[PDB]
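Everything on this sheet refers to the single structure shown next.
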Amino acid sequence: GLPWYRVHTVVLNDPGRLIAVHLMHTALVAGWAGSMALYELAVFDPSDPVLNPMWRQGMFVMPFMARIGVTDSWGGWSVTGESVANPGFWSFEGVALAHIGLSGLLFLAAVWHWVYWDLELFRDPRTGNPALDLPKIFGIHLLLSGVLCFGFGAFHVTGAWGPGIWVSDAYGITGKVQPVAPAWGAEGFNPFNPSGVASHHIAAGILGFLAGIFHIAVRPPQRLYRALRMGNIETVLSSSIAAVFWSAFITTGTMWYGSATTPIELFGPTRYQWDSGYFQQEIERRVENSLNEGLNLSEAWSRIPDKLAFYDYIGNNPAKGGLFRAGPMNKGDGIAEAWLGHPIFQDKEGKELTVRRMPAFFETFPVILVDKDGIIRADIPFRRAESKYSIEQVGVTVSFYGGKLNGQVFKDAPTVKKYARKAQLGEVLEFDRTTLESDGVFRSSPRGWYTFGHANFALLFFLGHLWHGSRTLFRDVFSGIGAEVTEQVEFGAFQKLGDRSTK
Amino acid sequence: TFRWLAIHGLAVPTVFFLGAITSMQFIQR
Amino acid sequence: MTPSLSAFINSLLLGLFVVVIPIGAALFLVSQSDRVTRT
Amino acid sequence: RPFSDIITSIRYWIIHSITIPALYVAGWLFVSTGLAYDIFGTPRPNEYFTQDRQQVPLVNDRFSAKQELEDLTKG
Amino acid sequence: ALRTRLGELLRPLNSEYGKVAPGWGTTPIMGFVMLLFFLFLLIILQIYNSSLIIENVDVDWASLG
Amino acid sequence: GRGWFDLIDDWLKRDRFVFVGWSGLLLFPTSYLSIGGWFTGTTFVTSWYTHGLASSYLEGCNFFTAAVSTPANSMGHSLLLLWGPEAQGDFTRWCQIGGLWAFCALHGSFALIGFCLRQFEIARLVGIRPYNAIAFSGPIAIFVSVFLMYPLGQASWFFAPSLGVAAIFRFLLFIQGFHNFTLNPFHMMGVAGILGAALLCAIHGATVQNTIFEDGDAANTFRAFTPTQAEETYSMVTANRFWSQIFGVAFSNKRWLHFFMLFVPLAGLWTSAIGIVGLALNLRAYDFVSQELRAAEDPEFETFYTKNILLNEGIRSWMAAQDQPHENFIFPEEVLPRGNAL
Amino acid sequence: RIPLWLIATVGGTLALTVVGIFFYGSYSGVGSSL
Amino acid sequence: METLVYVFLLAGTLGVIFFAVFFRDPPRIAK
Amino acid sequence: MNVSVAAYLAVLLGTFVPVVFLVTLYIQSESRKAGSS
Amino acid sequence: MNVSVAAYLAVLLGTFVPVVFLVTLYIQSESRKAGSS
Amino acid sequence: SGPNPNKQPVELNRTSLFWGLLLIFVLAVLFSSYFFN
Amino acid sequence: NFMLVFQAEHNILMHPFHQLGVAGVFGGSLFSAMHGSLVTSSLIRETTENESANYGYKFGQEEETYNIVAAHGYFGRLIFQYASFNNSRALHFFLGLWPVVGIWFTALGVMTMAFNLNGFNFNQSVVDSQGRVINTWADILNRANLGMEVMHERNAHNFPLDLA
Ligand code: CLA
Ligand code: CLA
Ligand code: CLA
Ligand code: CLA
Ligand code: CLA
Ligand code: CLA
Ligand SMILES: CC1=CCCC(C)(C)[C@H]1/C=C/C(C)=C/C=C/C(C)=C/C=C/C=C(C)/C=C/C=C(C)/C=C/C1=C(C)CCCC1(C)C
Ligand SMILES: CC1=CCCC(C)(C)[C@H]1/C=C/C(C)=C/C=C/C(C)=C/C=C/C=C(C)/C=C/C=C(C)/C=C/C1=C(C)CCCC1(C)C
Ligand SMILES: [Cl-]
Ligand SMILES: [Fe+2]
């Protein structure tokens with residue numbers, strides 16, 4: 001009969017049942033959204049947003065709620081850190097319950113369409129057979145897509161009749177949902193300009209709307225109709241899978257590299273902020289202009305916010321996790337409690353050494369303390385015998401500036417080594433490893449997991465697009481080849497391949 | 001000339017590069 | 001207009017006049033000259 | 001016509017007793033002239049290092065790459 | 001088989017299955033817009049790639065503020 | 001046939017020695033521009049300014065050590081267009097920053113696209129099912145995941161596989177040392193697919209050649225086959241009996257056998273592609289945490305896994321200085337992880 | 001007109017000579033450790 | 001305790017192999 | 001060995017659910033073959 | 001709250017195995033009914 | 001709306017059963033050592 | 001572990017017999033995929049649309065289950081006519097030959113590196129006019145081999161050379 005991998009092909013030529021299965025899939029996806037939101041809310045810890053934000057807790061789907069308006073909870077807390085006094089219905093809980101209710105309603109609609117499948121809407125008046133006028137259905141759907149895109153751009157994102165979207169500063173320290181005016185011009189095409197989102201969703205939507213008016217009105221040319229097999233729904237499936245993996249690759253790129261639509265405080269920093277020293281340079285210039293203002297190292301480093309110092313830490317890097325190191329980022333190094341300050345390394349004389357930072361590539365990196373110019377001065381040797389650059393020989397002391405360990409000058413070699421090991425990983429922090437029983441191996445942020453999943457899905461959907469394009473373009477030879485193939489495939493039988501009017 | 005174009009697009013760079021390589025054997029540092 | 005934008009526009013123009021237009025013209029002439037019989 | 005039918009033809013070999021060695025020698029003078037080192041930028045055996053440049057040359061910026069390349073390849 | 005109010009309302013939208021404009025139709029303008037959209041995608045790809053640097057378009061996190 | 005598009009279509013699909021087709025307008029230039037580019041880059045262009053290496057026959061390398069090395073790490077993920085802001089139209093500086101690797105890779109991606117389109121086109125015109133174009137999707141996935149998505153997940157094109165022999169061996173050992181890719185279950189599925197496909201090829205060839213029917217009186221049995229015969233040239237029943245009573249199971253259906261021969265290598269390649277896509281983001285099956293904790297608390301607990309981890313540390317530390325010259329890694333002999341004696 | 005066996009003989013001889021010159025260059029001059 | 005799961009999975013694979021060898025669908029020639 | 005605890009559920013149920021699916025698909029099909037005769 | 005860990009496997013598998021058994025017994029019967037016609 | 005003309009039977013022969021069981025069990029064997037960690 | 005130690009001590013990757021084995025397995029996969037694709041692609045129509053195509057073949061039948069001419073012509077148009085194996089017996093001999101010979105060669109390569117006839121050693125094979133070493137990919141591979149060499153069996157070696 002119908003093998004296990006063809007079982008969903010019975011609904012290929014039954015439009016009502018096709019709507020039913022689409023409804024069931026939509027119901028399942030909405031139910032997943034609601035259930036994931038509920039589970040995340042059950043396991044979320046909203047107490048500390050600066051050292052235990054959403055992305056440190058493995059919050060995958062909540063940032064997408066917080067990205068475009070839903071920053072509050074019925075429990076009287078906000079992802080931004082403020083305490084909500086009178087939360088509205090559209091909180092995290094309300095969104096979750098709405099998605100569950102929509103899942104139930106879509107399930108009921110799927111049941112109705114599965115039972116009542118033989119509607120005159122799906123039957124061709126000319127022939128009476130079940131059929132779908134796909135070019136016009138596409139125009140209707142493109143009208144709907146354009147209207148929704150324009151509405152989102154003009155009302156939701158601009159906040160004319162909506163919350164706006166998440167906007168943040170350069171360093172993720174002061175971010176909130178707010179309206180964004182549309183950025184018409186070249187600046188709208190900056191991926192890190194949130195305003196360019198609005199300018200897009202308006203303008204693109206308008207064009208989409210206009211495109212809908214074309215596709216409802218204008219019938220396809222016969223040439224493209226026969227070439228693309230527009231009367232075959234599997235053409236639509238192939239092209240849709242094509243566009244879908246295209247979008248998946250684009251979203252994967254904007255996730256990994258970052259953009260205005262992937263704020264760091266919602267998904268964690270990127271690997272490239274760590275690679276280029278994006279936050280280290282900002283902290284350095286902050287303390288430098290503080291020093292130029294007459295402040296000292298203690299005061300200058302005390303003015304650095306804990307959030308900014310937390311970003312300057314390799315454990316927050318998405319390129320440090322593992323494929324099977326599962327769970328929240330707090331399950332690895334731990335839950336960050338406090339910042340111990342900048343460990344200046346004053347050598348025996350007083351020169352400032354600096355521990356070379358771990359690159360993301362290396363699981364384990366040697367602890368070497370390079371000089372200002374960078375000749376190696378001291379390090380933690382592997383072979384102690386005949387050691388030249390041991391911290392014992394050179395002599396080093398760790399003076400802490402800022403943080404809870406401020407103003408403390410350790411000058412023993414052991415305690416210097418212990419904080420050299422910490423300074424190898426960027427800024428040094430205190431961690432709670434007991435609440436979640438953390439095992440001391442780094443995990444990936446939601447940024448990395450999104451990138452992984454959608455990269456793999458994009459490749460697999462490229463395979464699917466190949467398969468279904470092949471099927472729709474080779475429908476006539478699905479069951480096998482006939483005897484006609486033997487005459488045309490002969491070399492030189494016809495001047496033009498395939499065509500038999502030639503010779 | 002398409003046969004000529006294909007075969008000679010393959011051939012002319014090939015002999016040119018082989019002559020260059022046989023010369024390059026003698027560079028002798 | 002930045003140097004990069006000028007380079008991009010020039011790249012489009014040279015792509016037209018060095019790759020697309022020559023290949024298209026050659027295809028058109030050869031297809032119009034060497035024609036199949038009994039089509 | 002079939003490949004062997006061309007190869008054994010005398011005309012083929014009257015053509016390719018002259019055409020093939022011409023370019024086989026053209027490549028020889030392409031590299032023996034030192035022209036390849038100039039087109040492709042490949043250092044000669046006496047150009048990997050020079051004064052103040054006893055270390056490996058590396059480009060460390062995307063956009064000024066040409067600038068530091070001349071600076072390093074001033075020679 | 002079944003006739004419904006919404007079915008009657010939406011029947012004109014699914015009554016021209018197989019209706020095709022004769023010949024090439026609108027394919028030339030389709031190809032022209034395809035060229036334009038290809039150029040647009042190339043422009044934005046080179047903008048983020050920073051192979052196409054546009055003035056007042058700073059592709060960087062620091063452009064946020 | 002009358003219309004200009006019909007005339008171009010008729011000429012492109014002409015039955016000649018080399019089928020051109022519409023896909024040939026994408027395959028033949030790019031493919032050519034790829035292959036010659038490799039032959040150029042591996043023959044005259046250097047890696048002295050990107051990797052600190054010699055990589056051309058001109059510099060003195062052989063077929064093994066000659067390669068088209070990746071661009072400099074400072075280039076990031078630049079498209080490295082010859083007219084771009086890096087080379088700025090200068091061919092020499094373009095070759096010196098390793099832009100020829102970008103040329104070869106970007107033209108090879110479109111050459112693979114054009115060849116798969118060629119497979120689809122010839123399958124359509126000949127009138128057979130398009131299973132060969134879908135089997136080339138495996139190689140396309142390998143190239144896309146290993147040469148494009150892996151460096152695009154990493155810092156730059158520098159960490160892509162440099163196009164060579166010794167370069168590819170260096171890529172193999174680099175990926176092992178830094179990702180522990182042998183421990184990756186998707187790599188395991190891929191090598192399973194590859195070795196199983198080689199196994200299927202060998203067994204099928206031997207079985208077919210050794211259950212041939214006696215269609216002649218010559219000891220050399222190759223001439224006893226006619227291409228157009230409507231008779232199977234070998235015994236499926238005898239092969240089934242042989243493998244059933246030797247191995248317990250055996251193919252009974254030729255169509256299933258030949259689909260299996262397709263599915264095994266393709267599935268292997270796609271599985272390994274998933275693993276390399278994972279490795280692009282450093283999402284690596286590097287370690288088993290339970291054994292790491294036990295060995296941390298039990299200094300007598302040793303497994304071959306822990307020995308492999310130590311070998312990976314050795315690879316990383318002893319390779320980083322010369323393999324990533326842009327980082328300027330100075331590891332003294334004190335900090336380099338070593339063993340007793342050697 | 002020229003027997004193809006002689007053509008094959010001379011062509012293979014010349015190709016083997018070229019590859020042997022490559023081998024010599026491998027044991028001589030640049031690319032050799034000496 | 002994971003040794004229980006590992007042993008169970010390996011034994012299940014061996015059992016599937018046994019049943020595939022000895023309880024296969026017998027090949028027969030169609031008519 | 002500090003192993004995960006939901007990994008037991010993951011392995012056992014990811015083995016069980018496809019296995020029972022395959023067994024059901026086989027038994028259904030056989031039943032139908034027997035019913036046809 | 002501290003609860004057992006194999007109790008998860010106990011509950012989930014003791015629900016799953018009889019449930020799939022019943023579903024298989026139903027599908028198999030139906031398939032046979034359809035095959036008879 | 002009455003009987004659907006698109007109803008078709010579904011099958012899984014015994015060879016496919018053993019192939020599926022082998023695939024699932026071997027995947028469990030491969031990925032169990034990674035899920036437990 | 002055995003792989004990494006073998007590479008560290010013998011440089012099996014640069015040894016040409018292992019390269020022949022890699023060619024053997026990669027070509028075996030290539031030819032397996034190609035042969036399966038072409039046989040599955042030219043299957044003769046013997047099956048309805050609601051039925052698996054594999055049931056178009058009956059065990060023990062006398063007729064061929066696919067058109068060899070169609071697959072041969074398709075593969076000839078794909079590359080060129082001369083490349084295709086018009087003979088099926090020669091095709092299957094080649095299928096049995098390529099991986100078997102490749103695996104024979106790599107097994108023999110391991111057998112020869114057992115007695116320490118190692119893969120190629122092009123380390124420091126390119127030197128400038130002064131005579132200082134310009135690295136190649138062989139040298140960078142040597143660095144990985146050296147890391148594996150020093151870290152393997154950390155406590156077993158008391159003398160600098162790994163002669164055993
Ligand atoms: C003035 C109005 C206006 C403005 C300001 C913008 C603004 C924007 N548009 Mg545009 N847009 C407009 C009108 C406008 N649009 C109109 C009228 C349309 C027609 C409907 C579009 C259609 C459109 C599309 C289809 C896309 C944009 C995108 C964008 C964004 C570009 C920056 C970015 O993040 O790129 C990031 C994305 C890119 C730079 C595009 C990359 C394209 C390459 C070619 C993809 C390659 C994929 C391939 C399969 C990978 C293979 C290899 C790999 C596996 C290794 C930005 C929000 C892009 C977007 O959504 O970005 C998130 C986008 O893809 N716009
Ligand atoms: C009734 C409307 C409705 C509303 C108001 C929301 C609201 C929300 N959903 Mg959604 N959702 C809905 C219906 C709705 N949902 C339905 C029916 C389903 C079932 C499929 C889901 C399934 C779902 C999931 C699975 C998830 C959400 C989530 C969310 C949140 C984030 C939305 C977001 O960023 O999307 C972003 C959407 C996109 C980036 C896609 C945009 C559209 C593409 C790019 C269009 C491409 C094709 C187009 C035709 C091209 C041409 C057009 C052009 C010419 C104009 C938010 C609370 C997330 C969440 O946090 O849940 C708790 C989440 O993960 N929803
Ligand atoms: C692409 C979509 C996506 C993404 C990016 C994420 C991302 C995340 N999820 Mg997940 N999640 C998703 C979909 C996704 N989820 C879905 C659909 C569900 C519903 C089942 C869940 C349910 C879920 C829960 C319940 C939890 C998360 C959590 C997390 C976080 C940790 C991920 C982790 O540890 O993975 C680990 C992944 C692996 C060990 C396997 C990955 C490698 C491949 C895919 C294995 C494939 C095996 C294959 C099928 C063979 C099996 C054979 C069988 C016989 C055994 C992270 C933010 C955690 C969190 O922090 O929540 C607050 C958490 O507790 N997610
Ligand atoms: C939305 C996209 C989409 C849609 C609508 C379809 C639809 C179809 N595909 Mg599929 N396909 C897709 C994507 C899609 N495909 C992709 C991405 C790939 C690449 C891997 C394929 C590869 C593919 C092949 C090779 C074949 C089909 C076939 C089919 C048809 C029957 C499938 C069936 O009955 O499966 C029944 C499936 C099962 C009973 C169990 C499958 C269990 C899977 C493997 C694991 C668990 C999945 C999990 C629960 C959910 C995934 C989440 C998602 C986000 C990825 C049907 C028309 C068949 C066809 O053409 O028949 C004529 C066919 O042979 N497809
Ligand atoms: C190797 C990959 C591959 C293969 C084999 C196929 C095969 C197929 N596709 Mg295509 N497709 C691909 C990639 C591929 N596609 C990609 C990446 C996309 C974008 C998402 C699409 C989107 C797509 C759609 C939407 C449709 C098809 C369809 C088809 C079928 C008909 C042929 C066709 O339309 O060719 C398409 C042509 C190409 C892939 C070649 C493109 C060449 C470009 C224009 C050159 C660009 C050069 C430029 C200078 C580069 C600048 C960037 C640089 C700086 C990096 C066939 C099954 C049709 C189908 O299934 O109909 C039933 C169909 O509707 N495809
Ligand atoms: C099959 C043909 C083909 C294809 C698909 C490609 C593809 C590619 N080539 Mg090209 N190339 C080709 C033939 C081809 N090439 C040939 C024959 C040569 C030898 C002369 C070259 C020589 C070459 C070089 C030297 C380089 C490339 C590069 C590239 C890449 C960048 C393309 C790009 O952005 O160009 C620019 C875009 C186009 C050419 C598309 C033009 C689109 C239309 C026709 C323009 C219309 C003009 C418009 C109306 C102007 C109005 C003004 C403005 C407002 C828009 C890409 C992979 C680069 C690369 O690989 O870098 C690593 C590179 O440096 N190619
Ligand atoms: C196996 C595997 C492979 C790849 C991905 C991954 C590794 C994650 C893993 C998982 C994959 C998948 C696809 C998991 C998805 C899970 C899904 C879709 C779960 C479904 C959740 C849905 C739920 C609760 C829905 C709840 C609905 C309810 C109450 C409805 C009730 C109602 C009804 C029915 C009528 C109206 C009234 C009311 C009360 C609303
Ligand atoms: C590169 C680049 C930059 C910018 C623009 C431009 C269009 C120029 C673009 C493209 C350039 C192109 C396509 C150049 C073309 C160059 C080509 C095709 C070079 C190829 C040369 C081929 C070579 C050596 C072949 C050597 C073969 C050898 C030893 C074979 C060895 C053998 C021999 C000698 C005898 C028997 C045994 C065996 C193994 C068969
Ligand atoms: Cl010893
Ligand atoms: Fe066969």
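In what follows, chains are A, B, ... by sequence order, proteins preceding strands, each numbered from 1. These numbers come from the heavy atoms of this one structure, side chains and all, not from hydrogens, waters or symmetry mates. Read the numbers this way: they start at 1 and go in the same order the structure lists the ligands and their atoms.
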Q) side chain to side chain contact (heavy atoms under 4.5 Å, CB included) with A/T472: which residues, sequence neighbours excluded? A) A/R229, A/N232, A/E234, A/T235
Under 4.0 Å to a heavy atom of [X] - the qualifying atoms of ligand 6, by number:
| X | value |
| --- | --- |
| C/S11 | 36 (C) |
| C/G15 | 39 (C) |
| F/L80 | 61 (O), 62 (C) |
| F/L79 | 61 (O), 62 (C) |
| F/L33 | 11 (N), 12 (C), 13 (C), 16 (C), 17 (C), 18 (C), 21 (C) |
| F/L25 | 1 (C) |
| E/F38 | 40 (C), 42 (C) |
| F/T30 | 1 (C), 3 (C), 4 (C), 5 (C) |

Q) Can you tell me if L/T65 and F/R255 form a side-chain donor-acceptor pair at under 3.5 Å? A) yes
Q | Polar side chain donor-acceptor pair, L/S52 to L/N54, under 3.5 angstrom | A | no
**Q.** Ring geometry between L/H35 and L/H92 (parallel below 30°, tilted from 30 to 60°, perpendicular above 60°)
**A.** perpendicular
Q: For the pair K/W19 and F/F260, name the ring-plane relationship: parallel under 30°, tilted 30 to 60°, perpendicular over 60°.
A: tilted
Q: Apply ring pair (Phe, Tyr, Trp, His ring centres under 6.0 Å) to the pair F/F213 and F/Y234, showing each step before the final yes or no.
A: CA-CA 5 Å; F/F213 287 116; F/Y234 68 100; 7.9 Å; no
Q. E/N49 side chain to F/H77 main-chain N or O, any donor-acceptor pair under 3.5 Å?
A. yes
(Q) Counting the benzene-type ring for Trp, do L/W98 and L/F31 have ring centres under 6.0 Å apart? (A)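 Yes - the distance between ring centres of L/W98 and L/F31 falls below the 6.0 Å cut-off.
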Which bit of [X] gets closer than 4.0 Å to ligand 6, counting heavy atoms only: side chain, backbone, both or neither?
| X | result |
| --- | --- |
| F/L82 | both |
| C/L14 | neither |
| F/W83 | side chain |
| F/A102 | both |

Scan the side chains in residues 96-106 of chain F for donor-acceptor partners under 3.5 Å anywhere in the protein, sequence neighbours excluded, and list what turns up.
| residue | atom | partner | partner atom | Å |
| --- | --- | --- | --- | --- |
| F/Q96 | NE2 | D/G41 | O | 3.1 |
| F/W101 | NE1 | F/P161 | O | 3.4 |

Within the protein, flag every N or O under 3.5 Å from an N or O of ligand 4, and note the pair and distance.
| residue | atom | partner | partner atom | Å |
| --- | --- | --- | --- | --- |
| ligand 4 | 9 (N) | A/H468 | NE2 | 3.3 |
| ligand 4 | 34 (O) | A/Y5 | O | 3.4 |
| ligand 4 | 34 (O) | A/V7 | N | 3.2 |
| ligand 4 | 34 (O) | A/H8 | N | 2.7 |
| ligand 4 | 60 (O) | A/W467 | NE1 | 2.9 |
| ligand 4 | 60 (O) | A/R471 | NE | 3.0 |

Q) With sequence neighbours left out, what residues match F/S78 under side chain to side chain donor-acceptor pair (under 3.5 Å)? A)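 Scan of F/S78 (side chain to side chain donor-acceptor pair (under 3.5 Å), adjacent residues dropped) gives F/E86.
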Q. Is there any N or O on C/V18 that sits under 3.5 Å from an N or O of ligand 6?
A.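 Such a contact does not occur with ligand 6.
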Q.
Side chain or backbone, does F/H107 bring an N or O within less than 3.5 Å of an N or O on ligand 6?
A.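 By distance alone, the answer is yes.
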(Q) To the nearest 0.5 Å, what is the distance between CE on F/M261 and OG on L/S32? (A) 4.0 Å
Q: Give a yes or no on this: more than 12 heavy atoms of other residues, nucleotides or ligands lie within 6.0 Å of atom OH of A/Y450.
A: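 Counting other residues, nucleotides and ligands, OH of A/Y450 exceeds 12 neighbours.
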Q | Among F/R129, F/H258, F/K254, the one residue meeting side-chain contact (heavy atoms from CB on, under 4.5 Å) with L/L43 | A | F/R129
